[PDB]
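Enquirer: can't give you the sequence, but here's the structure:
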Ligand SMILES: *[C@@H]1O[C@H](CO)[C@@H](O)[C@H](O)[C@H]1NC(C)=O
Ligand SMILES: *[C@@H]1O[C@H](CO)[C@@H](O)[C@H](O)[C@H]1NC(C)=O
Ligand SMILES: *[C@@H]1O[C@H](CO)[C@@H](O)[C@H](O)[C@H]1NC(C)=O
Ligand SMILES: *[C@@H]1O[C@H](CO)[C@@H](O)[C@H](O)[C@H]1NC(C)=O
Ligand SMILES: *[C@@H]1O[C@H](CO)[C@@H](O)[C@H](O)[C@H]1NC(C)=O
Ligand SMILES: *[C@@H]1O[C@H](CO)[C@@H](O)[C@H](O)[C@H]1NC(C)=O
Ligand SMILES: *[C@@H]1O[C@H](CO)[C@@H](O)[C@H](O)[C@H]1NC(C)=O
Ligand SMILES: *[C@@H]1O[C@H](CO)[C@@H](O)[C@H](O)[C@H]1NC(C)=O
């Protein structure tokens, strides 16, 4: 039980990482930016997750 | 005007220990029933804090370095402590903050000041009518220019000397980050006289001001008592009264904070105090079972 | 086979009720601008700013935004916007930007590596050209060390090129770091003066002081809706909450980083946010051979 809960907690906590982008929230990247500039940072987030 | 006070005897400084004091709310987010790790400027646990007691005449008004931050704790019973000045040089060449709680109200003015050598607030006591009225304002000579000013709403306080014991403790944290002067405050009723209490109480944010000035030195302001009993001029005819305050300095540290169901900090773990605290940090818990841990 | 999701019914925008306008007139329509070595900084707060104007009008020479897109500036709420004003040469317009080292960048004005703001520059040759030479604008050339970002130097001391310390003689290998621009109408376009303003804004969890000219709508509850609380965009179900926010707190993050509670700007109410319904969808079949029912 402890191992399963720990694995899930790590999986959920991993969403907060930037992985190199400006922010870890997609809704913030989608605003503040035009698609050609947003696509690269969305790519970085996709690769990390 | 400025007068250099006399009849003051210098004594060696005194030091005491801060037992789990100086913890404040780091940000404005609400969290409940969690253990949260924060890296910020904090007062390390079990640390030397310089203790000043005005009682020789013990006119304790020394200029002190600001450093990265300040934790100021005053045990008060007669409102002797009034305010503070914060200035790089304080010679009117470099602009200086002043936060003064005068009889009428709190006044937060950032203005170039020609500060006096021995600033204070002289309150006079009359025997024919038993009352205390502020009369002397020796903080500064003149104000060249006032970029920032603020006067609060008027209020009335006793301003009367008390012959009892210290009954209230006022804790403040002052910081200058990102051109912002942040003041955190709290007050707690305690009956201790000469000992800093050993307990935990978080400090809620009080005010964030966009002062945006360079500070490397500060000074406190006291309420001077003058009456018929004390004869002499302004430099000699006075008595200090009874007051006590403590000064400590902030350092960059990591803390583990526990929130309860109501979202209030109840306990904290200083991460680099000793190995057991480091294991508590690593395990993200306040209880550690038997074994060997990396 | 697939997945099931409930879709939003409507969208709601809740922005603070401020009718004040931001003093862009003082910034751009100023009769005089300071020198590059001492740039002028202004703070703009508690006002509504429309960036649609000043972008499609006045024929600004350069309008370059780092970290934001101008079309979206109407839809964003900002905290503590700063405006920096100075006058430079044409080619130096390139130097003032993230990276892009140059004499102006090295010794006059350095932008931070991580920048979120808009640089506006326009040609003011007619205003700042004198037939005898506009010498009121000066620039720094010789400084001991590279400037840190968002820092200015006003020290005027004789620069020592090599050995033989100057001691205020301005002799051989001793030059004044400050030199006067010579601006005349009969000059090349690259040599013509240019007026530059830099708008820099900080995105912070603190309540947003400046907000775009976007209207608000009525609150709706108990339905899957889109919400735009102060630039915080999300989709979910809003309900009344019993969480006990302290007055300084505005958001709630629960255990992870996602927001689960919020404070309505206009009515100061605490709202719990829940995700819309989702789940898998499965098909039970007895086999196409037996039947086609599922
Ligand atoms: C206090 O002493 C300083 C230094 O000696 C002097 O400049 C100042 O005039 C004195 N102030 C008085 C005597 O009021
Ligand atoms: C620091 O704390 C220790 C605790 O034993 C004390 O002896 C000492 O006087 C304090 N001050 C300094 C400057 O060491
Ligand atoms: C306190 O300061 C305020 C603001 O300068 C002033 O208006 C008021 O008269 C002062 N009161 C006293 C007791 O000096
Ligand atoms: C400060 O005051 C002096 C004297 O009135 C004046 O000459 C100077 O320009 C002022 N400076 C500022 C920044 O207001
Ligand atoms: C503040 O002033 C002190 C003394 O004048 C100086 O050493 C320090 O570099 C200054 N800091 C800033 C940020 O200007
Ligand atoms: C939270 O506040 C309520 C209301 O005062 C109180 O009854 C309750 O004991 C508090 N919870 C804790 C853990 O102190
Ligand atoms: C400057 O003044 C002109 C009128 O002379 C006006 O059209 C323009 O909007 C003004 N600009 C600002 C930023 O106020
Ligand atoms: C405007 O907002 C304030 C809170 O900031 C609120 O108290 C007030 O009732 C609102 N007025 C309107 C026009 O809704």
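Expert: In hand now; what should we look at? Residues are numbered from 1 along each chain as shown, chains lettered A, B, ... in the order given. Ligands and ions are numbered 1, 2, ... in the order given.
Enquirer: Which parts of the stretch 51-200 of chain C are strands?
Expert: For the stretch 51-200 of chain C, strands defined by DSSP state E, counting those that start in this stretch occupy the ranges C:62-66, C:77-88, C:117-123, C:138-140, C:159-160, C:174-175, C:178-180, C:194-202.
Enquirer: Now render the ones you listed as CSV, adding mean neighbour count and distance to ligand 1.
Expert: Yep, even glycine has a C-beta here, placed from its N, CA and C like the rest. Putting the strands of the stretch 51-200 of chain C into CSV (neighbours: other CB atoms under 10 Å in any protein chain shown; distance: least, CB to the nearest ligand atom, whole Å) gives the following:
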stretch, mean neighbour count, distance to ligand 1
strand C:62-66, 15, 52
strand C:77-88, 21, 40
strand C:117-123, 20, 48
strand C:138-140, 21, 37
strand C:159-160, 16, 35
strand C:174-175, 16, 36
strand C:178-180, 14, 35
strand C:194-202, 21, 44
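Enquirer: Out of those, which gets nearest to residue B:107?
Expert: When the strands of the stretch 51-200 of chain C are compared for distance to residue B:107 using CB to CB, the nearest one is strand C:77-88, at 24.0 Å.
Enquirer: now the strands of the stretch 51-200 of chain C as JSON lines including distance to ligand 3?
Expert: Shown next, in JSON lines, are those (distance: least, CB to the nearest ligand atom, whole Å):
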{"stretch": "strand C:62-66", "distance to ligand 3": "43"}
{"stretch": "strand C:77-88", "distance to ligand 3": "27"}
{"stretch": "strand C:117-123", "distance to ligand 3": "37"}
{"stretch": "strand C:138-140", "distance to ligand 3": "39"}
{"stretch": "strand C:159-160", "distance to ligand 3": "45"}
{"stretch": "strand C:174-175", "distance to ligand 3": "48"}
{"stretch": "strand C:178-180", "distance to ligand 3": "40"}
{"stretch": "strand C:194-202", "distance to ligand 3": "32"}
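Enquirer: Nearest to residue C:241, out of those?
Expert: Of all the strands of the stretch 51-200 of chain C, the one in closest proximity to residue C:241, counting by CB to CB, is strand C:77-88 (22.5 Å).
Enquirer: that older thread, nearest to chain B, of the strands of the stretch 51-200 of chain C?
Expert: Among these, the nearest to chain B by CB to the nearest CB is strand C:77-88 (7.4 Å).
Enquirer: Identify the residue spatially nearest to whatever residue of chain A ends up closest to ligand 3, adjacent ones excluded.
Expert: Closest contact between chain A and ligand 3, by CB to the nearest ligand atom, is at residue A:32 (43.6 Å). Distances taken as CB to CB, 6 or more residues apart in numbering or on different chains put residue C:68 closest to residue A:32, at 5.0 Å, once the chain neighbours are dropped.
Enquirer: if we can go back for a sec, got the strands of the stretch 51-200 of chain C as CSV, with distance to chain A columns?
Expert: Output for the strands of the stretch 51-200 of chain C, formatted as CSV (distance: least, CB to the nearest CB, whole Å):
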stretch, distance to chain A
strand C:62-66, 10
strand C:77-88, 11
strand C:117-123, 12
strand C:138-140, 33
strand C:159-160, 40
strand C:174-175, 43
strand C:178-180, 38
strand C:194-202, 11
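Enquirer: before we move on, the earlier item: you'd agree the residue nearest to residue A:32 is up against residue C:116?
Expert: Yes - contact status for residue C:68 versus residue C:116: in contact at 6.3 Å, counting by CB atoms under 8 Å.
Enquirer: So between these two, which is more surrounded?
Expert: residue C:68 (22 against 16; other CB atoms under 10 Å in any protein chain shown).
Enquirer: Next up, the contacts around the more buried one.
Expert: A:32, A:33, C:76, C:116, C:117, C:118 (CB atoms under 8 Å, 6 or more residues apart in numbering or on different chains).
Enquirer: so who does residue B:216 touch?
Expert: Taking CB under 8 Å, 6+ apart as the contact definition, residue B:216 lies against B:65, B:66, B:88.
Enquirer: Do any residues in the helix or strand harbouring residue B:181 lie close to ligand 5?
Expert: Using DSSP states H and E, residue B:181 maps to strand B:180-189. No - counting by CB under 6 Å from any ligand atom, ligand 5 has no neighbours in strand B:180-189; the shortest distance is 13.9 Å.
Enquirer: Paired strands for that strand, with orientation please.
Expert: Sheet pairing here is set by DSSP bridges, and for strand B:180-189 it gives strand B:168-177 (antiparallel), strand B:204-209 (antiparallel).
Enquirer: Packed most tightly, which of those strands would that be?
Expert: Most buried of these, by mean neighbour count (mean count of other CB atoms under 10 Å in any protein chain shown): strand B:168-177, with a mean of 19.
Enquirer: Tell me how many other residues surround residue 13.
Expert: Looking at chain A here, since you left the chain open. By other CB under 10 Å, 12 other residues sit near residue A:13.
Enquirer: let's do chain B instead
Expert: Residue B:13: 9 surrounding residues under other CB under 10 Å.
Enquirer: and what of residue C:76?
Expert: 21.
Enquirer: for the nearest residue to it once chain neighbours are set aside, what are its contacts?
Expert: Sequence neighbours aside, residue C:231 is the residue nearest to residue C:76 in space, at 5.6 Å (criterion: CB to CB, 6+ apart). Neighbouring residues of residue C:231 by CB under 8 Å, 6+ apart: A:31, C:75, C:76, C:77, C:208.
Enquirer: a markdown table please, covering those and showing distance to ligand 5.
Expert: Formatted as a markdown table, those follow (distance: CB to the nearest ligand atom, whole Å):
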| residue | distance to ligand 5 |
| --- | --- |
| A:31 | 35 |
| C:75 | 36 |
| C:76 | 30 |
| C:77 | 30 |
| C:208 | 28 |
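Enquirer: Tell me the one of the residues you listed nearest residue C:102?
Expert: residue C:76 (30.4 Å).
Enquirer: The closest one and residue C:118: what is the separation?
Expert: Separation of residue C:76 from residue C:118 (CB to CB, to the nearest Å): 12 Å.
Enquirer: does any part of the host helix or strand of residue B:100 sit near ligand 5?
Expert: Element membership for residue B:100, per DSSP H and E: strand B:96-101. No - on the criterion CB under 6 Å from any ligand atom, strand B:96-101 is out of touch with ligand 5, staying 11.7 Å away.
Enquirer: which stretch among the strands paired with strand B:180-189 comes nearest ligand 1?
Expert: strand B:168-177 (28.0 Å).
Enquirer: Just want the angle from the closest one to strand B:96-101.
Expert: On the basis of axes from the mean of the first three to the mean of the last three CA atoms, to 10 degrees, strand B:168-177 is oriented at 160 degrees to strand B:96-101.
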